[PDB]
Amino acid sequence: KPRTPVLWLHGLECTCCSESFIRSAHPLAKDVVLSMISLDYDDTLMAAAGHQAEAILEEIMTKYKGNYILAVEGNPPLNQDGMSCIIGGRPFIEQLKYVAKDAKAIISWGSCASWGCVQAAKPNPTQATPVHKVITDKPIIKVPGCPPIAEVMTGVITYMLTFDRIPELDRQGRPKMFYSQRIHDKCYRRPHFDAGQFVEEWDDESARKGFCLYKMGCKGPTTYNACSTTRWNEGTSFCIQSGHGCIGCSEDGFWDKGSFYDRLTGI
């Protein structure tokens, strides 16, 4: 039985999603790459460069027409005639549209591909545009976060490969199995929130007791992700456990919702 080809494209990005992917403990990225998918194109890891790299896309798209996964990290810019992101001397958007046309499914990795992330923050000099605003005729699963949790990324792959199906999505196209809960729902500091027990200044007595970070700007109450329960790096910690409020990094437009340190209104 063939392993499903994955063509992993990179637009404008910081490569945090590729890095998060290889942090996965369950499953190991090694086991995903050797035993689950065929990772046939990926600028980060692939042996081939230049003409030899670009030749892979046509080969896979022909042999596995309508039976490969397009994974997108980053996004296309619409300013500078698209040449603020150049691949093979051409705008990235041309590569994205080409590979998208015969994909069985499209994964938008991270906030860049999902929504725009930091390059799309005001005033968006490159007109960086999320994948679903460019590719409008293909099924897209959004996996937002800057980056998403490693096990959320490999969990999406594992589901799609086991079932040959996209998992159930919410209205924003995020998998319900990972994005159904707000951080604030199961945040271990919630009993402090409920008792009005808050940090007011960094390293105050309240901070040393792990009091709620709401008044330090925590956006956990408006942010959907698995960070409070699944946590990060094989369940070692998350932003709040290590003492910083959630900055809302899985939510659309989180860079332009005011200072990270300004509290939410109407507690």
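Start at 1 and count along the sequence shown; that's the residue number.
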{"property": "220-228 versus 63-71 - greater average Cα B-factor per the deposited record", "result": "63-71"}
{"property": "119-127 versus 98-106 - which carries the larger mean C-alpha B factor in the record", "result": "98-106"}
{"property": "Options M160, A113, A195, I149 - largest CA temperature factor per the record", "result": "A195"}
{"property": "Of the residues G145, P191, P76, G155, the one carrying the largest Cα B-factor as recorded", "result": "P191"}
{"property": "Cα B factor band for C239 (lowest, middle or highest third within the chain)", "result": "lowest"}
{"property": "Relative C-alpha B-factor of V33, binned into the chain's lowest, middle or highest third", "result": "highest"}
{"property": "Modelled-residue ranking by C-alpha temperature factor, third containing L213", "result": "lowest"}
{"property": "Ranked C-alpha temperature factor of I141 among modelled chain residues, by third", "result": "middle"}
{"property": "Chain third (lowest, middle, highest) by recorded CA B-factor, residue given as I86", "result": "middle"}
